[PDB]
Amino acid sequence: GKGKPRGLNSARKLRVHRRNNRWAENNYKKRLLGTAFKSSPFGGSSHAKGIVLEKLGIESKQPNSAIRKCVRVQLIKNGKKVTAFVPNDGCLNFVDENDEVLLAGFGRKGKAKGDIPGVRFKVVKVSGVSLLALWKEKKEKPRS
Amino acid sequence: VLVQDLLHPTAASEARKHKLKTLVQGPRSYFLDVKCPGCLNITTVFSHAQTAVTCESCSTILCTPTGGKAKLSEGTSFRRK
Amino acid sequence: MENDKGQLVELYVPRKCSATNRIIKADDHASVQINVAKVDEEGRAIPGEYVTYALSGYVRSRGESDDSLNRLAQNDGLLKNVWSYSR
Amino acid sequence: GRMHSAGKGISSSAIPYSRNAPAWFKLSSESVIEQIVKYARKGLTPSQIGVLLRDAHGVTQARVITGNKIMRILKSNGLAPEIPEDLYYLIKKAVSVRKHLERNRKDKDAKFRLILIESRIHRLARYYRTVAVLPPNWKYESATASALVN
Amino acid sequence: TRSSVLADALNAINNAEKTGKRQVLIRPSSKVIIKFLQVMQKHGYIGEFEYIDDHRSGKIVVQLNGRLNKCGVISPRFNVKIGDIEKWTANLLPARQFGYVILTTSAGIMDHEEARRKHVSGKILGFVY
Amino acid sequence: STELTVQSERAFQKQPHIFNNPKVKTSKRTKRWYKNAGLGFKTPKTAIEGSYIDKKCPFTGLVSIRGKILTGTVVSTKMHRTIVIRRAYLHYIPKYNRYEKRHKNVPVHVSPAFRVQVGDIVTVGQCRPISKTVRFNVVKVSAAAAXXXXXXXXX
RNA sequence: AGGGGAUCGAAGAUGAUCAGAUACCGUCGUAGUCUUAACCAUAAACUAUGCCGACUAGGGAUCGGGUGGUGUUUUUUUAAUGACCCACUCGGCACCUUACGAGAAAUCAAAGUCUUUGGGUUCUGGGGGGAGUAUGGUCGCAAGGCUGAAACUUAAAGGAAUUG
RNA sequence: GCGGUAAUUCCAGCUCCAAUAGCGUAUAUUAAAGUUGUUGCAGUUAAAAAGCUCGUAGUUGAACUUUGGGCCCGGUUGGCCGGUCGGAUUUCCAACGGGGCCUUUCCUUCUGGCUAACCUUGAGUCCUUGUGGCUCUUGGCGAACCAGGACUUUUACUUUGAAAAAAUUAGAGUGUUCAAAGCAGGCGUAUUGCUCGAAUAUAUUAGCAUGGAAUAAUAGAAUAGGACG
RNA sequence: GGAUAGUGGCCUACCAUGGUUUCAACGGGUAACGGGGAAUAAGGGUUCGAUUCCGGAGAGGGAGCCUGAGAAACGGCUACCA
Ligand SMILES: [Mg+2]
Ligand SMILES: [Mg+2]
Ligand SMILES: [Mg+2]
Ligand SMILES: [Mg+2]
Ligand SMILES: [Mg+2]
Ligand SMILES: [Mg+2]
Ligand SMILES: [Mg+2]
Ligand SMILES: [Mg+2]
Ligand SMILES: [Mg+2]
Ligand SMILES: [Mg+2]
Ligand SMILES: [Mg+2]
Ligand SMILES: [Mg+2]
Ligand SMILES: [Mg+2]
Ligand SMILES: [Mg+2]
Ligand SMILES: [Mg+2]
Ligand SMILES: [Mg+2]
Ligand SMILES: [Mg+2]
Ligand SMILES: [Mg+2]
Ligand SMILES: [Mg+2]
Ligand SMILES: [Mg+2]
Ligand SMILES: [Mg+2]
Ligand SMILES: [Mg+2]
Ligand SMILES: [Mg+2]
Ligand SMILES: [Mg+2]
Ligand SMILES: [Mg+2]
Ligand SMILES: [Mg+2]
Ligand SMILES: [Mg+2]
Ligand SMILES: [Mg+2]
Ligand SMILES: [Mg+2]
Ligand SMILES: [Mg+2]
Ligand SMILES: [Mg+2]
Ligand SMILES: [Mg+2]
Ligand SMILES: [Mg+2]
Ligand SMILES: [Mg+2]
Ligand SMILES: [Mg+2]
Ligand SMILES: [Mg+2]
Ligand SMILES: [Mg+2]
Ligand SMILES: [Mg+2]
Ligand SMILES: [Mg+2]
Ligand SMILES: [Mg+2]
Ligand SMILES: [Mg+2]
Ligand SMILES: [Mg+2]
Ligand SMILES: [Mg+2]
Ligand SMILES: [Mg+2]
Ligand SMILES: [Mg+2]
Ligand SMILES: [Mg+2]
Ligand SMILES: [Mg+2]
Ligand SMILES: [Mg+2]
Ligand SMILES: [Mg+2]
Ligand SMILES: [Mg+2]
Ligand SMILES: [Mg+2]
Ligand SMILES: [Mg+2]
Ligand SMILES: [Mg+2]
Ligand SMILES: [Mg+2]
Ligand SMILES: [Mg+2]
Ligand SMILES: [Mg+2]
Ligand SMILES: [Mg+2]
Ligand SMILES: [Zn+2]
């Protein structure tokens, strides 16, 4: 009866064996090791607000050919440096260095999105006023 | 095959099987009385000997053992029971 | 396979092997029906009158269709000797 | 099937259905018991005695004509040895294997056969010791076993 | 080494039915085997069986028809708790209308509907449809 | 446990409030007190015939047995007048629907009215805190020795 | 660490070859190859297939044991022996044909009796890289062995079969 | 995967789709996932059997010991009638369960207290030709359990039951106008009150308490230091 | 024996060498208060519970104590540290 002990008093062996093999599950390991809190630029939190250091033009990967307009950002709770994408046509016009941006994840559990190499985040707000509203023109950036 | 009498197997194809693989297992060995005319009385012997059996009085022989049944010695007789 | 009150519902009560009693289902185009003719006085095989036997595909593939026919027909009076029940 | 090899061979006595009889067997319980004890006096083992009785005499099974196993007959008349005989012959063997290995330290095969024998010794001895026929704390050991068997 | 004698007899019965046989020599037979084979026969999944007495543990020659799909043994005799006879039969029975899960209770080896009317329970032995 | 000496302490060993008047000439020297614990546990003769003191005796001491009554098998008899017993039991794990062998070792005071040995099964009554760890007292020896003399010499 | 050191021959030196040729081929030939006393513990250490038990199908060979014979050949005076022939049965190493059945298939008498899912038990695996790497513990004279992660990266990597 | 000049994925206009006082995004987690597999995975070639054998902890472990027959007692569904003024119970009947008996058959055990039950019978009879029926004390039931003494092989499993907060869940009742809720409310003489409620279920593992005696263990009598008196 | 409202190595004196552990002691982690409970609806499960009820703990960190039936209290005192 391949493998597992079938008997009626081997619940100890079965429990332990499960414990051990949960560790081969990449998300159990992450949750138990605390990777969230230990690695990762966010705290494990959903978002994180940082400061714009410089404006980058990341060249996209194959078989695409573009320049991917990003920003290096230094997280306020970490000082950790993080290169983040500025989505939508324009928008890199909206940032400028030293501004205060709200970075969010990319929706890939870590992992960089499409062809933007090694960018695991995206800009959601600048100066407290959100890209989307600025792009459409519902809002306007604050004074300074 | 497909349907057969497992309870009443023919003593022909039962005689052929292994002593343990019969319907109710039993031995295939037998005993026999043996004589050597120098004496007048007989000795009871098992067909598979191990011990090279000697007669009642005369230090003679009877059978030397083997891988199975014993080899009774030269001029001897034997009724079976 | 009746229903609530009486009424035999559900079509098609399939055949059945006389040797195994396993169902003979539709797509078994390897099962068989052997009609055996009832004779009468002095030869004469009486058309339209049979002792019939159904044999499932499994048995015929296994090579048990001959031996099982013998047993079936003999204990049905149209054979004597031939088959032994012991072995 | 076989503990210390992979051999699977079935092979045994096929004991008869007839738990009594042979009917053709005359003699008496008296007779064979006295035969058992006289051979036990001669120093034979219950195995040895059963075989000798089974061929040279007419004793199909010593337990049928006397409702008693040979070892109990030897025990009752106060003839049981110190250790059982299967444990004896195992220890005896381990002794001879070891003696051969003291002489030929280059025979790694013998070392491997010594382990198997000794492990068999120890598990058997543990059984006997559970069922109180060996004094609880009875243990095999090479230094004392050579002295034990002889 | 032989671990469940119930298992061997049952499986052997199953290989027989599948191989299109009508009879089967099982070894080595026991009270628990008799009572499983007796509930199997109480509902006609087998015909009559026969205990042959070797002077050892026994042998059984089961005569079987062919209304048997499968008869299995639940290898750890799990303890069933009057509510759980529900979930067991649910797990391994082709329908509610038929099939039996047979188990051991302190009111005897009995199928689940018997055990339900008698309103007793215990450990689970096997099943048969 | 104990054995010998009786009077083997810096303090005089006496039963409290059990006066034996020296004016009254007695043919038993010391007057002894005893009781029965209840729950049908016979106060064995070794407790009434005895001469020991043990104020933690349930039969000749100042302790009442009440609450739990449990049984275990004696695994340690090295502490003076107290033992340690193992209590095995199977724990039920749902998810797997089977059990697993567990155990706990209860420390329990043992009156010198009992001669206890490792291996014996003992029946033990709950009582007030006797020591840092002892919450139980031996109230019945349901064993003997386990065929100890039946391991004697040869014929 | 001794011995041994014929043969072949990691290293190295050469002759040729080549654009190059630290190779392939030729020559010389150190270590080794052999043995003793110790280490080392790894191989595609392979049947790439845990062990014990049950059950499920036909066949001719063959190795060991055994049983049966008014079988053959061995001559002598018939035997006894021995080898040989036929039938059987155990336990082997294998092949053949089947395929009820299994598989993703190649194939498989188990890799079968598995969604109609439970005989007992041991071990391992959880996408690919990162990597058998880093770190600690341990073993070794050493080379190394055992134990053995993570950050990050990535949409395939992979298997069997078909057609080109 | 789209975009390098007719872009069905970009920027827009048009039209169109889905959800709609809401809809998108990020992080987590649950389902899908039989990708953690007790149920329920896989490990020849895809990830994966330790080079091999011993072996302790652990898990597992062949069969066998009261089975069979006979008798009584009373239940709860279901039929065929209903007798009746929708439900009723007796006989006819099966079906399915419960209790106690006799078969060689401890039920712990003495010593009374107690008796409900017939081997009784003491009378006869209501009434269908009579074992259809119970009142009814004078030889003759133990166990139904009191209480005192004397002792007892250990467990696992299952059954039922007690002890069991509320809110939560499941769920009955009630027309918050519906609904989420709430535990209200509903009737008249609405001039001097009448009244239904505020259920039931789960509540497990451990401990307690009772019934079971299959399946699993455990103990016993072999240097008899055995059992009854 | 002292101490306590009181049992107790709670504490002290003398005496012993014991106690726990692969059925995982001891140690480490916890982005750990525990429970009633919550989310996920074939089942078996998985995940969660700082948070309306119950229990515990704290009142910047420690210790100490007065009053009192009850506090080692902090919208009490006392000392140190911050
Ligand atoms: Mg791994
Ligand atoms: Mg990864
Ligand atoms: Mg940079
Ligand atoms: Mg075998
Ligand atoms: Mg083994
Ligand atoms: Mg043999
Ligand atoms: Mg004391
Ligand atoms: Mg001590
Ligand atoms: Mg103590
Ligand atoms: Mg050389
Ligand atoms: Mg070179
Ligand atoms: Mg060159
Ligand atoms: Mg070179
Ligand atoms: Mg060269
Ligand atoms: Mg390797
Ligand atoms: Mg190979
Ligand atoms: Mg391998
Ligand atoms: Mg074959
Ligand atoms: Mg021959
Ligand atoms: Mg097949
Ligand atoms: Mg094919
Ligand atoms: Mg992986
Ligand atoms: Mg290191
Ligand atoms: Mg060295
Ligand atoms: Mg190293
Ligand atoms: Mg490793
Ligand atoms: Mg390392
Ligand atoms: Mg791509
Ligand atoms: Mg266009
Ligand atoms: Mg699109
Ligand atoms: Mg458009
Ligand atoms: Mg939605
Ligand atoms: Mg599912
Ligand atoms: Mg996975
Ligand atoms: Mg289960
Ligand atoms: Mg399922
Ligand atoms: Mg998988
Ligand atoms: Mg592989
Ligand atoms: Mg291997
Ligand atoms: Mg190992
Ligand atoms: Mg068993
Ligand atoms: Mg009966
Ligand atoms: Mg009854
Ligand atoms: Mg309950
Ligand atoms: Mg105190
Ligand atoms: Mg010490
Ligand atoms: Mg110690
Ligand atoms: Mg552990
Ligand atoms: Mg915390
Ligand atoms: Mg928590
Ligand atoms: Mg909480
Ligand atoms: Mg918190
Ligand atoms: Mg409390
Ligand atoms: Mg604060
Ligand atoms: Mg304070
Ligand atoms: Mg306050
Ligand atoms: Mg500080
Ligand atoms: Zn002679």
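Only the coordinates and a few stated rules stand behind these numbers; no lab work does. Counting neighbours? That spans all protein chains shown, and the Cβs are built from the backbone with ideal geometry, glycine included.
Some notes on this structure:
- Considering only E:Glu48, E:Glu17, E:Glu86, the Gaussian network model of chain E with Cα springs below 10 Å gives its largest mean-square fluctuation to E:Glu86.
- Between the C-alpha center of the stretch D:105-149 and that of the stretch F:105-141 there is a gap of 39 Å.
- For the stretch E:71-76, the Karplus equation 6.51 cos²θ - 1.76 cosθ + 1.60, evaluated at θ = phi - 60°, returns couplings of 9, x, 10, 8, 5, x Hz by residue, with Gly and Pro reported as x.
- If both residues of a DSSP beta bridge must be in the stretch E:69-129, then about 100% of such bridges are antiparallel.
- Proximal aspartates and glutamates relative to A:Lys13, as straight alpha-carbon distance under 15 Å, when same-chain residues fewer than 8 apart are discounted: F:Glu100
- For chain A, built as a Gaussian network whose Cα springs stay under 10 Å, the top-fluctuating residue of A:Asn27, A:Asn88, A:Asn78: A:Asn27
- Working note: 222 nm ellipticity from helices only, DSSP H runs with n ≥ 4, each -39,500 (n - 2.57), summed and divided by the residues of chain E, gives -9500 deg cm²/dmol to the nearest 500.
- Residues with amide H under 5 Å from that of A:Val73, placed H, sequence gap 5 or more: A:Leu53, A:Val82, A:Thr83, A:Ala84
- Put a plus charge on the Cβ of each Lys and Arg, a minus charge on the Cβ of each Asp and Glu, and nothing anywhere else: the dipole of chain B about its Cα centre is then about 200 debye.
- Modelled spin-label separation between D:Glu102 and F:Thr26, with each label point placed 7 Å from Cα along the Cα-to-Cβ direction: 7.0 nm.
- Rounded to the nearest 10 degrees, the inclination of helix D:108-130 to the longest alpha-carbon principal axis of chain D is 50 degrees.
- Ignoring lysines fewer than eight residues from A:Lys111 along the same chain, the ones with Cα atoms less than 28 angstrom from its Cα are A:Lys29, A:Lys30, A:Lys38, A:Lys49, A:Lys55, A:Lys61, A:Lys69, A:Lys77, A:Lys80, A:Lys81, A:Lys122, A:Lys125.
- Crossing angle, helix C:65-74 versus chain C [Cα axis fit, 0-90 degrees, rounded to tens]: 80
- Using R0 = 56 Å, the C-beta based FRET efficiency linking B:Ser57 and C:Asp76 works out to 0.20.
- The protein assembly as shown shape via C-alpha gyration tensor axes, a/c threshold 1.5: oblate
- Spatially, the stretch C:11-87 and the stretch A:60-91 are offset by 82 Å when compared through their Cα centroids.
- Cα-Cα over 20 Å, subset of F:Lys101/F:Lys132; E:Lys42/E:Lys81; B:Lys81/D:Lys38; E:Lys35/E:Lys118: F:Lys101/F:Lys132; E:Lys42/E:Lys81; B:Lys81/D:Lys38
- Förster-model FRET efficiency, 60 Å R0, D:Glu34 and F:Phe19, C-beta, rounded to 0.05: 0.20
- What separates the Cα centres of the stretch A:10-43 and the stretch B:1-45 is a distance of 68 Å.
- About the Cα centre, charge dipole magnitude for the protein assembly as shown (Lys/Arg +1, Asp/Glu -1 at Cβ), debye: 4780
- Only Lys, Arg (+1) and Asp, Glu (-1) charged, at Cβ; chain C dipole about Cα centre in debye: 320
- Global geometry of chain A, whether rounded, prolate or oblate, following the gyration tensor of its Cα atoms and the 1.5 cut on a/c: prolate
- Cross-link partners for D:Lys42 among the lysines, with Cα-Cα distance under 24 Å and sequence neighbours closer than 8 places in the same chain left out: D:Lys69, D:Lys75, D:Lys92, D:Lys93.
- Taking F:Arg86, A:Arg108 and counting other C-beta atoms within 10 Å, the order from fewest to most: A:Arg108, F:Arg86
- Nitroxide proxy distance, nm - points 7 Å out along Cα→Cβ at A:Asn9 and A:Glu54: 7.0
- Two-site FRET efficiency, C:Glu41 against C:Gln7, from Cβ-Cβ distance with R₀ of 56 Å, rounded to 0.05: 0.75
- For D:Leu134, the residues whose modelled amide H falls within less than 5 Å of its own, excluding neighbours fewer than 5 places apart on the same chain, are D:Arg129.
- Hz values of 3J(HN,Hα) by residue in the stretch B:9-20 - Karplus curve (6.51, -1.76, 1.60), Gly and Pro given as x: x, 5, 4, 6, 7, 8, 4, 7, 6, 7, 4, 9
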